[PDB]
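Undergrad: Experimental coordinates follow, after the sequence.
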Amino acid sequence: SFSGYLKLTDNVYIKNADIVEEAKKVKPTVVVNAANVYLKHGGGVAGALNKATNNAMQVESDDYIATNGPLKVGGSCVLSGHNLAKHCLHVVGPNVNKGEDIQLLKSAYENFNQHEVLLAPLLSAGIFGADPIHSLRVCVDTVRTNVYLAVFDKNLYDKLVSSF
Ligand SMILES: CC(C)[C@@H](Nc1ncnc2[nH]ccc12)C(=O)O
């Protein structure tokens, strides 16, 4: 039910929107979370998605970490999408503010290729500290499945489109 997106490539689309509000409207098969390795959903996309689930995402995530241990930077896991989507794909992009290797951003986006269509944010951008223009270029050059990108900041959205 995706609507109002700008086509960037054969398989990549973009919209100025809060990913939480997009997930409530569309109820997609997969929503991507910008996770950390511990699945501690405090702020940014992860804190906003978790709050919209009334903390059910964090309770499920804590059980997953208690059983499996932490994810790898560049890795992912599939958990419930609760009231927002059928599934949530928690993907860990490198956090530049912590010295993590930006080359791991391509490995993070490769997780998207396991799903035919996804609603997603720009990985490693926002509070993770990487350049969003770089993140969109890695997304375009790595993901082959259909990805609908939601960018919250209007000013950044306009810059991403103009410089594409
Ligand atoms: C990742 C980053 C580039 C982006 N953040 C987001 N993008 C989309 N929905 C969101 N909900 C909460 C945060 C958020 C932004 O600052 O525009």
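TA: Arrived safely. Numbers count the residues shown, from 1 in each chain.
Undergrad: I'd like the distance between residue 145 and the ligand.
TA: Separation of residue 145 from the ligand (C-beta to the nearest ligand atom, to the nearest Å): 19 Å. Quick note: C-beta positions are derived from backbone N, CA and C, even for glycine.
Undergrad: How about residues contacting stretch 83-90?
TA: With C-beta atoms under 8 Å, 6 or more residues apart in numbering as the test, stretch 83-90 has contacts from 20, 23-24, 27-33, 35, 39, 49, 52-53, 57, 61, 71, 76-82, 111-112, 115, 118-119.
Undergrad: repeat that for 7 Å
TA: Here stretch 83-90 makes contact (C-beta atoms under 7 Å, 6 or more residues apart in numbering) with 23-24, 27-33, 35, 39, 49, 52-53, 57, 76-81, 111, 115, 118.
Undergrad: If you go by neighbour count, which of the residues you listed are buried?
TA: 23, 28, 30-33, 35, 39, 49, 52-53, 57, 76-77, 79, 81, 111, 115, 118 (16 or more other C-beta atoms under 10 Å).
Undergrad: Right, I'll call it a day here.
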